[PDB]
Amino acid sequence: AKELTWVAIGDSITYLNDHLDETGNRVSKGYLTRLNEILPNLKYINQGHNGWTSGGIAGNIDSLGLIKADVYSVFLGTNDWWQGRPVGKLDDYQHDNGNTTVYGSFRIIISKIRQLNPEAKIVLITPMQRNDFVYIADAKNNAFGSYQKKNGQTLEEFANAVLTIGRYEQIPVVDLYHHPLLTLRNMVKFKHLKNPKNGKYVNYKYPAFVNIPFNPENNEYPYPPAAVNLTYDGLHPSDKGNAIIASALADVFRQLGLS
């Protein structure tokens, strides 16, 4: 019945597929679930680790319980960007300079996959753009969007590194970063914020909201249900976001002959 085991390696965007309560139930189907609806012979294993960088994945690579499978996807980098990890250069992927850059981490991860199954298909997924993130369970956990550099690096540099590794290895890449539907303006409808001039709440869409302070101690959660668009919190995909991701991933799986 064309059954294929698919290990999905990732961060919270992958993790949350099977923990919808952690989205505040804003999401009903994650991208693994949706991929499987499109390609029902693909049997996912969720190796998404909540909050992890590619550095964390690579650094713990022998302790994740990774198993032999027919196809692996790797969807990492957004947390590396936020944490300011150096992207590195292709040389860090080609040679063992340690788990000290994103390129280095991908070297470790792809090498492990090939150890597990030298015959397995591999797909890389670039980070999606992200707007201002506010954690639904604790608003003190927040981050600015990818319109701004973090530690001198753009999120686009991380997407470009993934694309470069894909080209070097002749491994297909799902480019979410440059996906024409996955734009900053469509991440959230508005941020619900106090107007500094009068203390009253106002719906500020993007890019207006970049100019309005958010104080999590003096402001309700700034992304009520009405704010959901491609994400429910600035960062993590909504049902709509997950559908677009799953469709893009399904196209690549088809091209690889996995359908």
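Each residue number is its position in the shown sequence, starting from 1.
76-84 and 166-174 differ in mean CA B-factor, and the higher of the two is recorded for 166-174.
Checked against the record, the higher mean CA B factor of 148-156 and 119-127 lies with 119-127.
The PDB entry gives the largest Cα B-factor of the residues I109, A143, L90, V102 to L90.
When the CA B factors of the chain's modelled residues are split into thirds, the value for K197 lands in the highest one. In the deposited entry, the Cα temperature factor of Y206 sits in the bottom third of values across the chain's modelled residues. For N25, the recorded CA temperature factor ranks within the highest third of the chain's modelled residues. For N215, the recorded CA temperature factor ranks within the highest third of the chain's modelled residues. Among the modelled residues of the chain, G51 sits in the lowest third by CA temperature factor in this PDB entry.
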